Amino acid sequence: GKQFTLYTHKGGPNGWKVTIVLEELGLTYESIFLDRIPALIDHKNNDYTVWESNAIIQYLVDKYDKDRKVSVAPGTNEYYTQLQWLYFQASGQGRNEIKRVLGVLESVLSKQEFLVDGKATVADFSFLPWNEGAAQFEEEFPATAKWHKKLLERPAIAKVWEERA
C-alpha cells in the first residue's frame, strides 16, 4: 500500500510541514494521529524510520526529489545554504521573537525571490505552518508577506491547506 507512514499529532504544524513535502513530491503516505513526533517510516527502505521534521524533510528530498522540483542537490554549496535555513526555521519555531525571525526573512526576501537561489524549496516551505500562525504584516514585512502568499498558491500546498481544515 502506502509508501510512508507519518506519525503526527492532529493539528501538528510539524506534521503539516512534512505533509506539504510528501504532497509536493507526489508520494503516497498514511497519517496516524497520536494523542519524537512527528516520525516517518519508509516501507520501501526496510521501514527505515526517522524523526525531527526537518530531518524527515531532508530525507524525502534527497532520496525522492531527484528531479529537484523543490530542492537543491546534495553536495553543492546551495545544499548547505538550504540546510542553514532549515536550521533557522527549526530554531525559530520554538512577541519580539516572531518579529526577529520575520526580520531575518525580510532582510533576505527583499533582495531575492526565495531563501536559496531563485527557486522555491523546502527551505521556504518549512516556514509556512509556523508563519500561518505568526499573524500589519504586509506593512512591516511586505516581501515576506508576498512570498508567503505566493507559496500558499502552489497547487500542492493549497490542497494540503484545504485538508488542514
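Residue indices: 1-based, along the sequence shown.
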Q: Using none, 1 to 3, 4 to 9 or 10 or more, say how many deposited residues go missing between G94 and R95.
A: 10 or more
Q) How many residues sit between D35 and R36 in the deposited sequence but have no coordinates: none, 1 to 3, 4 to 9, or 10 or more? A) 10 or more
Q: Pick between 137 to 145 and 12 to 20: the one whose mean CA B-factor in the entry is higher.
A: 137 to 145
Q | Entry-level comparison of average CA B-factors, 26 to 34 and 52 to 60, reporting the higher stretch | A | 26 to 34
Q.
Can you tell me which of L40, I98, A120, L105 has the maximum CA B-factor listed in the PDB entry?
A. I98
(Q) For the chain shown, is the CA B-factor of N131 in the lowest, middle or highest third of its modelled residues? (A) highest
